[PDB]
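Engineer: Before we start, here is the structure in question, set down as structure tokens.
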Amino acid sequence: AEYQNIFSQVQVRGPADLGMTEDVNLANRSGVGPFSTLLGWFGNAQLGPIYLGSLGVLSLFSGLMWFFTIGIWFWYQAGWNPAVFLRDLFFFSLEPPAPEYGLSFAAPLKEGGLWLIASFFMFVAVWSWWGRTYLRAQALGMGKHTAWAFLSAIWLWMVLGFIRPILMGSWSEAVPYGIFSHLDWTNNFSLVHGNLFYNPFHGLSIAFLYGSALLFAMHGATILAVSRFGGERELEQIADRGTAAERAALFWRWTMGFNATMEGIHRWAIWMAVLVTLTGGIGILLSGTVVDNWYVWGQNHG
Amino acid sequence: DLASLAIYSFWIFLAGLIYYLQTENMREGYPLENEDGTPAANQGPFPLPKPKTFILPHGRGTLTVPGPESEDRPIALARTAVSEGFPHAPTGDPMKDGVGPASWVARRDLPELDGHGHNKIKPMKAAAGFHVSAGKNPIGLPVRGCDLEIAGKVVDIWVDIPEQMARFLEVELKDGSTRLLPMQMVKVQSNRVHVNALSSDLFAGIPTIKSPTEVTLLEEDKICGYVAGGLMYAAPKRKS
Amino acid sequence: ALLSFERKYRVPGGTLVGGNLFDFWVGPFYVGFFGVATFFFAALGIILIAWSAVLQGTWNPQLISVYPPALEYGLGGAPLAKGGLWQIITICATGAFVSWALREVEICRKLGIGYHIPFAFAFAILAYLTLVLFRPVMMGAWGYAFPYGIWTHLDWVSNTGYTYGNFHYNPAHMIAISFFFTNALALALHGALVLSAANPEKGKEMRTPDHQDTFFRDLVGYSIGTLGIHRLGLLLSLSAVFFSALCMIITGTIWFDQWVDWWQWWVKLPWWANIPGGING
Ligand code: BCL
Ligand code: BCL
Ligand code: BCL
Ligand SMILES: CC[C@H]1c2cc3[nH]c4c(c3C)C(=O)[C@H](C(=O)OC)c4c3nc(cc4[nH]c(cc(n2)[C@@H]1C)c(C(C)=O)c4C)[C@@H](C)[C@@H]3CCC(=O)OC/C=C(\C)CCC[C@@H](C)CCC[C@H](C)CCCC(C)C
Ligand SMILES: CC[C@H]1c2cc3[nH]c4c(c3C)C(=O)[C@H](C(=O)OC)c4c3nc(cc4[nH]c(cc(n2)[C@@H]1C)c(C(C)=O)c4C)[C@@H](C)[C@@H]3CCC(=O)OC/C=C(\C)CCC[C@H](C)CCC[C@H](C)CCCC(C)C
Ligand SMILES: COC(C)(C)C(=O)C/C=C(\C)CC/C=C(\C)CC/C=C(\C)CCCC/C(C)=C/CC[C@H](C)CC/C=C(\C)CCC=C(C)C
Ligand SMILES: CCCCCCCCCCCC[N+](C)(C)[O-]
Ligand SMILES: CCCCCCCCCCCC[N+](C)(C)[O-]
Ligand SMILES: [Fe+3]
């Protein structure tokens, strides 16, 4: 058989690449890390360096604080027993304050306060990391696609644990930190709103999720199919169409009747994935604020 | 109600978005043509997008798309029917002529430069500090064609420096000249390198590069093109 | 009719079946023998679907629904109005799909590219076959399959799910979802990365792939690279769908109880099974 190019058949290494410099504060970048030959069989073998900076540290510190604040709670639940801790790891749960406290920041710690702390930590963690995606791009003079794409994701998360709990009048409507518990909450959230399968945003959202898989399958297999003509070198192909771009476009034109360009295909991409949580966010936001039951809504349309 | 509002709104958003998406992918190979090259009559509902201009690094100019399209090379094909929609048969050697699955595009005759302005791809001999870090080092292994005959020997690996990747094997032929072989079209074995697309007798036809320490976008295309085309056109020489 | 660079690619050959017979195009579309096959299967299937619609007495697409045979019929044939029609329609779909894949193969050859696309598609086809063929057989009636209707199919999903409790607890379902989510994440990034390089800040020069690699090491300390992310995508996708099949093929066959309950295995490991406190003690 023919070679498929899913895994490299020969690895080549050179001096650790410290990357482009542009307006980046080189003082903040780390030192190069080791090289995984493991990783090397799939993609790049070089680890690091990474850029630290102020926002990275804040993000990274709040990030751990969040995770740990949950962790101690799990331990307190486990009776500080490492055996129970392992047995019951997916059953533990840090739940929001009771509906009694409403949008109150005065819930006792064992009764919801600890959840607020953890969330506060996550909030700062996530937003700082957002600002990080933006700045990292600015400092290289790049488009801010990544930060805007990221914002979509942030939308759904914002809505789940912040905007919806606030518009409903209580934190109790938010998602608990826990493996099995956040699954249950999800399953239950649908039951209460009259089956999310009638939420047309939910349905839209699924279409874009399914689609993301469909597309990234299409794009990936295509680029591999024409990497025998240097397909993966998409920037230069955009700047100077190679046969790669041509065979790519034509295979698709001949199959289904229309086609992308190399820059084009990546717009299809960023929008198909970004629409998942965009539509998603909206479906959930209206759920319980404007629409109490999607089946009833489904019967009338109003 | 609000919900009804939102969803109706979205289906409208989505429609102009597809429209956008679609017109952006119309930046190349449009407008459409008839088999004779004259502009086709029905170009679909979508207008050509307004042109956009790319500023290429290292003072290599600009690119504006959509723009005037031209093959900028002869096509050795002849019609096989009297109506539209049928194949065009090569009028010579499709391989030698570069039509079919052997087609190449008239890319610029300059090499791809890395972020610093140095040639992206290099023979490893001239790439200070590069080495095969894993897998079988091909260098020195004979090269076998689909006809199971030896055609040459690997005498180097042309690496991609910024992505630290093996892109082509350089091969030494019986007359002492060398050719590049795309990495993606050869199977490196324990005692040989096997090339399924080309039979031993076609390796010489592989287009040559003008300078021994560089490849240009044009030469990459002519090579990849040629080797790929072997799959369909060397077929009579391939046995297994 | 042709893209400005299409003609030199439109050469004879690459057909799997039937030589030059169907080796031709119709507008942008490539026909090929399988071009014909899929058309025929697609024609037939849509017909039968309309025919089901008159027996149902509705032309409204939100209502139309073609159901499999009821469990009483097992894996035997059933009367048209009573499940036959779905069975043929299913045969026809399969015919369509497989044929569409083989045409992709034929186009692949004419263009001289790899077969990765036909390849990946076969995973979609295999997921569909899991739900209407492999699972029902193994379970023992066509009746376990999902019906062909816009909402009725969402209903099968919901009912089939809730049969084993909260389906969230199906462990291969957990894995399959992690890919779906991960893949979307990665498609989000990849797209965004290339665009931001090709469309930098106003008046600046096209960034480079070195810029792509740097932007990510700066961000998370690693970059899988331009060849990598494409290998990654193909993989996450194929995996999502692979695990999706798996979670269903096991459901109802080797596990018919509540999925949540299957986790009792973990919690009941003798080394901590009786230790008091926590959630389960
Ligand atoms: C695989 C998982 C489950 C399942 C769970 C769900 C859930 C959950 C949802 C859907 C949704 C949808 N499902 Mg389903 N669905 C299954 C199997 C199928 C089959 C199949 C033959 O196997 C198909 C064709 C569909 C098709 C569809 C669409 C009607 C809709 C949007 C999907 C999408 O965007 O995908 C991505 C693909 C693309 C963007 C490519 C283009 C796809 C177009 C839209 C295909 C439409 C075909 C349809 C109109 C019938 C044509 C058949 C005849 C030729 C006329 N499902 C199985 C049983 N399906 C969502 C919905 O909103 O519908 C109620 C939804 O919420
Ligand atoms: C019983 C369950 C209910 C149901 C209830 C819900 C609920 C409730 C919700 C969904 C949601 C979704 N559902 Mg539903 N859903 C059902 C059945 C289905 C079926 C099916 C039957 O086949 C499918 C395919 C889906 C599919 C989906 C997705 C399309 C959608 C979420 C998209 C997403 O990627 O968010 C994943 C992405 C995020 C959550 C974004 C978060 C990003 C943040 C910033 C990440 C930060 C990381 C953190 C800080 C930790 C750092 C990481 C560590 C360092 C490692 N549902 C049934 C009807 N579904 C969501 C939705 O949008 O609905 C409209 C939602 O809220
Ligand atoms: C109440 C519902 C239950 C539940 C019950 C089920 C059940 C039951 C099933 C799933 C399945 C799935 N679930 Mg679940 N699931 C729930 C909640 C979720 C949520 C969630 C957030 O809560 C998520 C993210 C998911 C996600 C998923 C996926 C892993 C998977 C669906 C995709 C798939 O299988 O592709 C597979 C892809 C295909 C079948 C598509 C095939 C397309 C074919 C080959 C071609 C189409 C051609 C078409 C006809 C073209 C038309 C012509 C026009 C020209 C376009 N589930 C809850 C707990 N879940 C399904 C699954 O795993 O299936 C195996 C499934 O059966
Ligand atoms: C558009 C929709 C999709 C999307 C897009 C998206 N997400 C994004 C982005 C984009 C475009 C980014 O740019 C941003 C990113 O930087 O990615 C590289 C991000 C991102 N999406 C993430 C996760 C994520 N996205 C998700 C979803 C999605 N993201 C959507 C499907 C999901 C889910 C639930 O499906 C998750 C879990 C992060 C990887 C990253 C945002 C990172 C962040 O905000 O960090 C804040 C805080 C920290 C620094 C916390 C660190 C704490 C950890 C140390 C604790 C855990 C330790 C653990 C035991 C370690 C071991 C792991 C082992 C595997 C080795
Ligand atoms: C494996 C990963 C994902 C994937 C990949 C994938 N899909 C693919 C490909 C690939 C690589 C293609 O090459 C091929 C394509 O050409 O894309 C443009 C395809 C494709 N995936 C499609 C759809 C699709 N893929 C899906 C899923 C996925 N595809 C995965 C998530 C889904 C869903 C539900 O998630 C859908 C709806 C098509 C757009 C296209 C294949 C087109 C095709 O087969 O044409 C032949 C058939 C016809 C013209 C119609 C036949 C009519 C039937 C005879 C009767 C109708 C019966 C049907 C069962 C009724 C169902 C009714 C519903 C309401 C339930
Ligand atoms: C090994 O043991 C130690 C102690 C060392 C450990 O560290 C182990 C730690 C683990 C056991 C930790 C385990 C952690 C998990 C199981 C976490 C799981 C988390 C999820 C499943 C989360 C799902 C969903 C979360 C959502 C949607 C959160 C949303 C958050 C927000 C939008 C934030 C909103 C902000 C709030 C309410 C406060 C705002 C206040 C202001 C003043 C602005
Ligand atoms: C990126 C463009 C592709 C978008 C796909 C649009 C078709 C999805 C159809 C979903 C059917 C939905 N709905 C609203 C009735 O639930
Ligand atoms: C949900 C995905 C739907 C894809 C949107 C359909 C776009 C069709 C574009 C046809 C272009 C016609 N043309 C110019 C190539 O002849
Ligand atoms: Fe790409």
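To be explicit about the labels: the chains of the structure tokens are called A, B, and onward in the order shown, and within each one the residues are counted from 1, while ligands get numbers from 1 in the order they are shown.
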At a cut-off of 8 Å around ligand 9, and using only C-alpha atoms and all ligand atoms, what residues come up? Please write them as a list in words.
Structural biologist: residues 219, 220, 223, 232, 234, 262, 265 and 266 of chain A; 190, 191, 194, 226, 229 and 230 of chain C
Engineer: List all protein, DNA and RNA residues that have any atom at most 7 Å from ligand 1, counting only C-alpha atoms and all ligand atoms, and write the list as a PyMOL selection string.
Structural biologist: (chain A and resi 197+200+202-204+206-208+210-211+214) or (chain C and resi 46+128+146+150-151+153-154+157)
Engineer: Name each residue within 9 Å of ligand 6, counting only C-alpha atoms and all ligand atoms, as a PyMOL selection string.
Structural biologist: chain A and resi 64-75+85+89-90+92-94+96+103+105+115-124+126+154-163+165-166+171+174-183
Engineer: Distance table requested - chain B against ligand 8, cut-off 10 Å, only C-alpha atoms and all ligand atoms: one row per qualifying residue with the closest atom pair and its distance in Å to one decimal, ordered by chain and rising residue number, as a tab-separated table.
Structural biologist:
residue	atom	partner	partner_atom_place_in_ligand_line	distance
B:15	CA	ligand 8	5 (C)	9.4
B:18	CA	ligand 8	5 (C)	6.6
B:19	CA	ligand 8	7 (C)	8.1
B:21	CA	ligand 8	5 (C)	8.9
B:22	CA	ligand 8	9 (C)	6.5
B:23	CA	ligand 8	11 (C)	8.9
B:25	CA	ligand 8	11 (C)	9.5
B:26	CA	ligand 8	14 (C)	7.9
B:30	CA	ligand 8	14 (C)	8.5
B:31	CA	ligand 8	14 (C)	8.5
B:32	CA	ligand 8	14 (C)	7.8
B:42	CA	ligand 8	16 (O)	8.0
B:43	CA	ligand 8	14 (C)	5.6
B:44	CA	ligand 8	14 (C)	4.5
B:45	CA	ligand 8	14 (C)	7.2
B:46	CA	ligand 8	14 (C)	6.7
B:47	CA	ligand 8	14 (C)	9.0
B:48	CA	ligand 8	14 (C)	9.6
Engineer: Could you give me, as a Markdown table, every chain C residue with an atom at most 9 Å from ligand 5, plus its closest atom pair and distance in Å to one decimal, counting only C-alpha atoms and all ligand atoms, rows ordered by chain then number?
Structural biologist:
| residue | atom | partner | partner_atom_place_in_ligand_line | distance |
| --- | --- | --- | --- | --- |
| C:38 | CA | ligand 5 | 46 (C) | 6.2 |
| C:39 | CA | ligand 5 | 49 (C) | 7.1 |
| C:40 | CA | ligand 5 | 54 (C) | 8.8 |
| C:41 | CA | ligand 5 | 54 (C) | 5.7 |
| C:42 | CA | ligand 5 | 54 (C) | 4.1 |
| C:43 | CA | ligand 5 | 54 (C) | 7.0 |
| C:44 | CA | ligand 5 | 54 (C) | 7.0 |
| C:45 | CA | ligand 5 | 54 (C) | 4.2 |
| C:46 | CA | ligand 5 | 55 (C) | 5.5 |
| C:47 | CA | ligand 5 | 55 (C) | 8.8 |
| C:48 | CA | ligand 5 | 55 (C) | 8.6 |
| C:49 | CA | ligand 5 | 55 (C) | 7.3 |
| C:65 | CA | ligand 5 | 64 (C) | 8.4 |
| C:66 | CA | ligand 5 | 60 (C) | 8.7 |
| C:89 | CA | ligand 5 | 55 (C) | 6.3 |
| C:90 | CA | ligand 5 | 59 (C) | 6.4 |
| C:91 | CA | ligand 5 | 54 (C) | 8.2 |
| C:92 | CA | ligand 5 | 54 (C) | 5.0 |
| C:93 | CA | ligand 5 | 54 (C) | 3.9 |
| C:94 | CA | ligand 5 | 54 (C) | 7.5 |
| C:95 | CA | ligand 5 | 54 (C) | 7.5 |
| C:96 | CA | ligand 5 | 46 (C) | 4.8 |
| C:97 | CA | ligand 5 | 44 (O) | 4.4 |
| C:98 | CA | ligand 5 | 44 (O) | 7.7 |
| C:99 | CA | ligand 5 | 46 (C) | 7.4 |
| C:100 | CA | ligand 5 | 46 (C) | 5.2 |
| C:101 | CA | ligand 5 | 13 (O) | 7.2 |
| C:104 | CA | ligand 5 | 13 (O) | 7.3 |
| C:116 | CA | ligand 5 | 11 (C) | 8.2 |
| C:117 | CA | ligand 5 | 11 (C) | 5.2 |
| C:118 | CA | ligand 5 | 13 (O) | 5.8 |
| C:119 | CA | ligand 5 | 11 (C) | 7.2 |
| C:120 | CA | ligand 5 | 11 (C) | 4.5 |
| C:121 | CA | ligand 5 | 11 (C) | 3.8 |
| C:122 | CA | ligand 5 | 1 (C) | 7.0 |
| C:123 | CA | ligand 5 | 1 (C) | 4.6 |
| C:124 | CA | ligand 5 | 1 (C) | 4.1 |
| C:125 | CA | ligand 5 | 1 (C) | 7.8 |
| C:126 | CA | ligand 5 | 1 (C) | 8.6 |
| C:127 | CA | ligand 5 | 1 (C) | 8.1 |
| C:128 | CA | ligand 5 | 59 (C) | 8.4 |
| C:146 | CA | ligand 5 | 65 (C) | 8.0 |
| C:147 | CA | ligand 5 | 65 (C) | 7.0 |
| C:148 | CA | ligand 5 | 62 (C) | 4.4 |
| C:149 | CA | ligand 5 | 64 (C) | 4.5 |
| C:150 | CA | ligand 5 | 64 (C) | 3.8 |
| C:151 | CA | ligand 5 | 64 (C) | 7.1 |
| C:152 | CA | ligand 5 | 64 (C) | 8.1 |
| C:153 | CA | ligand 5 | 65 (C) | 5.7 |
| C:154 | CA | ligand 5 | 65 (C) | 8.2 |
| C:180 | CA | ligand 5 | 31 (C) | 8.3 |
| C:234 | CA | ligand 5 | 2 (C) | 8.4 |
| C:236 | CA | ligand 5 | 2 (C) | 8.9 |
| C:237 | CA | ligand 5 | 2 (C) | 5.2 |
| C:238 | CA | ligand 5 | 1 (C) | 5.1 |
| C:239 | CA | ligand 5 | 1 (C) | 8.1 |
| C:240 | CA | ligand 5 | 2 (C) | 7.4 |
| C:241 | CA | ligand 5 | 1 (C) | 5.5 |
| C:242 | CA | ligand 5 | 1 (C) | 7.9 |
Engineer: Which residues in region 6-226 of chain B does DSSP call helix (DSSP H, G or I)? List them as a ChimeraX atom specification.
Structural biologist: /B:6-24,94-97,100-102,124-126,183-185,200-205,217-226
Engineer: Nearest to chain A: which of B:132, B:151, B:157, B:55 is it, counting only C-alpha atoms?
Structural biologist: B:132
Engineer: Could you list, as a list in words, every residue within 8 Å of residue 98 (chain A), counting only C-alpha atoms and ignoring same-chain residues fewer than 4 positions away?
Structural biologist: residues 102, 111, 112, 171 and 172 of chain A
Engineer: Next, dump the selected residues to file, keeping only C-alpha atoms, as a tab-separated table (two decimals), in the first residue's frame.
Structural biologist:
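This went into part_22.tsv:
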chain	number	residue	atom	x	y	z
A	102	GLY	CA	-31.68	34.52	45.40
A	111	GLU	CA	-24.65	26.20	51.71
A	112	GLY	CA	-23.50	27.91	48.49
A	171	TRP	CA	-27.85	31.65	41.56
A	172	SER	CA	-29.57	28.31	42.23
Engineer: Please report, as JSON lines, each residue of chain A lying at most 8 Å from chain B, together with the nearest pair of atoms and the separation in Å rounded to one decimal; use only C-alpha atoms, and order rows by chain and ascending residue number.
Structural biologist:
{"residue": "A:2", "atom": "CA", "partner": "B:196", "partner_atom": "CA", "distance": 7.1}
{"residue": "A:3", "atom": "CA", "partner": "B:187", "partner_atom": "CA", "distance": 6.1}
{"residue": "A:4", "atom": "CA", "partner": "B:184", "partner_atom": "CA", "distance": 7.6}
{"residue": "A:5", "atom": "CA", "partner": "B:184", "partner_atom": "CA", "distance": 6.5}
{"residue": "A:9", "atom": "CA", "partner": "B:135", "partner_atom": "CA", "distance": 6.3}
{"residue": "A:10", "atom": "CA", "partner": "B:135", "partner_atom": "CA", "distance": 4.9}
{"residue": "A:11", "atom": "CA", "partner": "B:134", "partner_atom": "CA", "distance": 4.9}
{"residue": "A:12", "atom": "CA", "partner": "B:132", "partner_atom": "CA", "distance": 4.4}
{"residue": "A:13", "atom": "CA", "partner": "B:130", "partner_atom": "CA", "distance": 5.2}
{"residue": "A:14", "atom": "CA", "partner": "B:130", "partner_atom": "CA", "distance": 4.2}
{"residue": "A:15", "atom": "CA", "partner": "B:129", "partner_atom": "CA", "distance": 6.3}
{"residue": "A:17", "atom": "CA", "partner": "B:162", "partner_atom": "CA", "distance": 7.4}
{"residue": "A:20", "atom": "CA", "partner": "B:115", "partner_atom": "CA", "distance": 6.9}
{"residue": "A:37", "atom": "CA", "partner": "B:134", "partner_atom": "CA", "distance": 7.2}
{"residue": "A:44", "atom": "CA", "partner": "B:163", "partner_atom": "CA", "distance": 7.3}
{"residue": "A:200", "atom": "CA", "partner": "B:7", "partner_atom": "CA", "distance": 7.6}
{"residue": "A:201", "atom": "CA", "partner": "B:7", "partner_atom": "CA", "distance": 7.5}
{"residue": "A:227", "atom": "CA", "partner": "B:184", "partner_atom": "CA", "distance": 7.0}
{"residue": "A:228", "atom": "CA", "partner": "B:184", "partner_atom": "CA", "distance": 5.1}
{"residue": "A:229", "atom": "CA", "partner": "B:224", "partner_atom": "CA", "distance": 5.3}
{"residue": "A:236", "atom": "CA", "partner": "B:112", "partner_atom": "CA", "distance": 7.5}
{"residue": "A:239", "atom": "CA", "partner": "B:63", "partner_atom": "CA", "distance": 6.8}
{"residue": "A:240", "atom": "CA", "partner": "B:107", "partner_atom": "CA", "distance": 6.3}
{"residue": "A:241", "atom": "CA", "partner": "B:107", "partner_atom": "CA", "distance": 7.0}
{"residue": "A:242", "atom": "CA", "partner": "B:105", "partner_atom": "CA", "distance": 5.7}
{"residue": "A:243", "atom": "CA", "partner": "B:105", "partner_atom": "CA", "distance": 5.4}
{"residue": "A:259", "atom": "CA", "partner": "B:25", "partner_atom": "CA", "distance": 7.2}
{"residue": "A:260", "atom": "CA", "partner": "B:25", "partner_atom": "CA", "distance": 4.9}
{"residue": "A:261", "atom": "CA", "partner": "B:25", "partner_atom": "CA", "distance": 5.0}
{"residue": "A:263", "atom": "CA", "partner": "B:25", "partner_atom": "CA", "distance": 7.7}
{"residue": "A:264", "atom": "CA", "partner": "B:25", "partner_atom": "CA", "distance": 4.8}
{"residue": "A:265", "atom": "CA", "partner": "B:25", "partner_atom": "CA", "distance": 7.5}
{"residue": "A:267", "atom": "CA", "partner": "B:21", "partner_atom": "CA", "distance": 6.8}
{"residue": "A:268", "atom": "CA", "partner": "B:21", "partner_atom": "CA", "distance": 6.6}
{"residue": "A:286", "atom": "CA", "partner": "B:3", "partner_atom": "CA", "distance": 6.8}
{"residue": "A:290", "atom": "CA", "partner": "B:3", "partner_atom": "CA", "distance": 7.2}
{"residue": "A:291", "atom": "CA", "partner": "B:3", "partner_atom": "CA", "distance": 7.4}
{"residue": "A:301", "atom": "CA", "partner": "B:4", "partner_atom": "CA", "distance": 6.5}
{"residue": "A:302", "atom": "CA", "partner": "B:1", "partner_atom": "CA", "distance": 5.2}
Engineer: Starting from chain C, keep only residues with some atom at most 6 Å from an atom of chain B, counting only C-alpha atoms, and report them as a PDB file with N, CA, C and O atoms, in the first residue's frame.
Structural biologist:
ATOM      1  N   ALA C   1     -19.760  27.179 -17.127  1.00  0.00           N
ATOM      2  CA  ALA C   1     -19.624  25.700 -17.018  1.00  0.00           C
ATOM      3  C   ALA C   1     -18.269  25.242 -16.373  1.00  0.00           C
ATOM      4  O   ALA C   1     -18.250  24.462 -15.416  1.00  0.00           O
ATOM      5  N   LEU C   2     -17.093  25.679 -16.883  1.00  0.00           N
ATOM      6  CA  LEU C   2     -15.782  25.259 -16.259  1.00  0.00           C
ATOM      7  C   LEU C   2     -15.106  26.400 -15.463  1.00  0.00           C
ATOM      8  O   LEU C   2     -15.209  27.580 -15.824  1.00  0.00           O
ATOM      9  N   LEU C   3     -14.413  26.023 -14.386  1.00  0.00           N
ATOM     10  CA  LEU C   3     -13.595  26.976 -13.614  1.00  0.00           C
ATOM     11  C   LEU C   3     -12.447  27.353 -14.506  1.00  0.00           C
ATOM     12  O   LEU C   3     -12.020  26.567 -15.355  1.00  0.00           O
ATOM     13  N   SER C   4     -11.948  28.516 -14.322  1.00  0.00           N
ATOM     14  CA  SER C   4     -10.913  28.998 -15.209  1.00  0.00           C
ATOM     15  C   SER C   4      -9.732  28.010 -15.381  1.00  0.00           C
ATOM     16  O   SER C   4      -8.963  28.091 -16.345  1.00  0.00           O
ATOM     17  N   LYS C   8      -7.725  21.318 -18.139  1.00  0.00           N
ATOM     18  CA  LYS C   8      -6.592  20.414 -18.228  1.00  0.00           C
ATOM     19  C   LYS C   8      -6.776  19.207 -17.286  1.00  0.00           C
ATOM     20  O   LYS C   8      -6.049  18.216 -17.372  1.00  0.00           O
ATOM     21  N   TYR C   9      -7.763  19.264 -16.400  1.00  0.00           N
ATOM     22  CA  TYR C   9      -8.010  18.151 -15.449  1.00  0.00           C
ATOM     23  C   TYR C   9      -9.056  17.176 -15.980  1.00  0.00           C
ATOM     24  O   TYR C   9      -9.126  16.016 -15.562  1.00  0.00           O
ATOM     25  N   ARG C  10      -9.845  17.644 -16.910  1.00  0.00           N
ATOM     26  CA  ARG C  10     -10.937  16.834 -17.454  1.00  0.00           C
ATOM     27  C   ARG C  10     -10.466  15.845 -18.528  1.00  0.00           C
ATOM     28  O   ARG C  10     -10.881  15.926 -19.693  1.00  0.00           O
ATOM     29  N   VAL C  11      -9.618  14.907 -18.126  1.00  0.00           N
ATOM     30  CA  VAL C  11      -9.132  13.852 -19.041  1.00  0.00           C
ATOM     31  C   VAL C  11      -9.893  12.559 -18.820  1.00  0.00           C
ATOM     32  O   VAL C  11     -10.512  12.359 -17.765  1.00  0.00           O
ATOM     33  N   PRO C  12      -9.898  11.668 -19.798  1.00  0.00           N
ATOM     34  CA  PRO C  12     -10.538  10.379 -19.654  1.00  0.00           C
ATOM     35  C   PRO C  12      -9.814   9.502 -18.657  1.00  0.00           C
ATOM     36  O   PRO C  12      -8.566   9.659 -18.473  1.00  0.00           O
ATOM     37  N   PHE C  24     -18.080  10.969 -17.999  1.00  0.00           N
ATOM     38  CA  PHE C  24     -18.380  12.324 -18.462  1.00  0.00           C
ATOM     39  C   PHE C  24     -19.087  13.160 -17.404  1.00  0.00           C
ATOM     40  O   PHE C  24     -19.526  12.640 -16.386  1.00  0.00           O
ATOM     41  N   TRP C  25     -19.295  14.432 -17.711  1.00  0.00           N
ATOM     42  CA  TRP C  25     -19.865  15.358 -16.761  1.00  0.00           C
ATOM     43  C   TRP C  25     -21.236  15.912 -17.235  1.00  0.00           C
ATOM     44  O   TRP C  25     -21.614  15.781 -18.408  1.00  0.00           O
ATOM     45  N   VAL C  26     -21.929  16.530 -16.279  1.00  0.00           N
ATOM     46  CA  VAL C  26     -23.228  17.223 -16.485  1.00  0.00           C
ATOM     47  C   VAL C  26     -23.185  18.501 -15.647  1.00  0.00           C
ATOM     48  O   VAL C  26     -23.431  18.482 -14.427  1.00  0.00           O
ATOM     49  N   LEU C 111      -8.382  12.661 -10.594  1.00  0.00           N
ATOM     50  CA  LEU C 111      -7.580  13.800 -10.164  1.00  0.00           C
ATOM     51  C   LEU C 111      -6.190  13.450  -9.623  1.00  0.00           C
ATOM     52  O   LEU C 111      -5.386  14.348  -9.331  1.00  0.00           O
ATOM     53  N   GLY C 112      -5.967  12.170  -9.341  1.00  0.00           N
ATOM     54  CA  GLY C 112      -4.681  11.742  -8.823  1.00  0.00           C
ATOM     55  C   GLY C 112      -4.398  12.039  -7.355  1.00  0.00           C
ATOM     56  O   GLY C 112      -3.228  12.021  -6.946  1.00  0.00           O
ATOM     57  N   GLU C 205       1.735  43.046   6.308  1.00  0.00           N
ATOM     58  CA  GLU C 205       1.967  41.958   5.348  1.00  0.00           C
ATOM     59  C   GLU C 205       1.440  40.636   5.877  1.00  0.00           C
ATOM     60  O   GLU C 205       1.473  40.375   7.091  1.00  0.00           O
ATOM     61  N   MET C 206       0.976  39.843   4.936  1.00  0.00           N
ATOM     62  CA  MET C 206       0.499  38.501   5.227  1.00  0.00           C
ATOM     63  C   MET C 206       1.477  37.867   6.194  1.00  0.00           C
ATOM     64  O   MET C 206       2.691  37.827   5.936  1.00  0.00           O
ATOM     65  N   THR C 208       3.028  34.727   8.356  1.00  0.00           N
ATOM     66  CA  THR C 208       3.562  33.463   7.906  1.00  0.00           C
ATOM     67  C   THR C 208       3.181  32.335   8.860  1.00  0.00           C
ATOM     68  O   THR C 208       2.797  32.585  10.019  1.00  0.00           O
ATOM     69  N   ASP C 210       5.132  30.516  10.216  1.00  0.00           N
ATOM     70  CA  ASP C 210       6.061  30.611  11.374  1.00  0.00           C
ATOM     71  C   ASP C 210       5.339  31.397  12.490  1.00  0.00           C
ATOM     72  O   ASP C 210       5.538  31.138  13.691  1.00  0.00           O
TER      73      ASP C 210
END
Engineer: Could you work out how far atom 56 (C, counted along the ligand's line) of ligand 4 lies from CA of residue 128 (chain A), giving the answer in Å with one decimal?
Structural biologist: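 One can read the CA of residue 128 (chain A) to atom 56 (C, counted along the ligand's line) of ligand 4 distance as 16.8 Å.
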Engineer: Select residues of chain C: the criterion is any atom within 6 Å of an atom of chain A, counting only C-alpha atoms; output as a PyMOL selection string.
Structural biologist: chain C and resi 28-30+113-114+116-117+184+188+191-192+196-197+199-201+214+217-218+221-222+224-228+230-231+233-234+237+267+272+278
Engineer: Please indicate the distance in Å from CA of residue 169 (chain B) to CA of residue 146 (chain B), rounded to one decimal place.
Structural biologist: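 Interatomic distance here is 16.9 Å.
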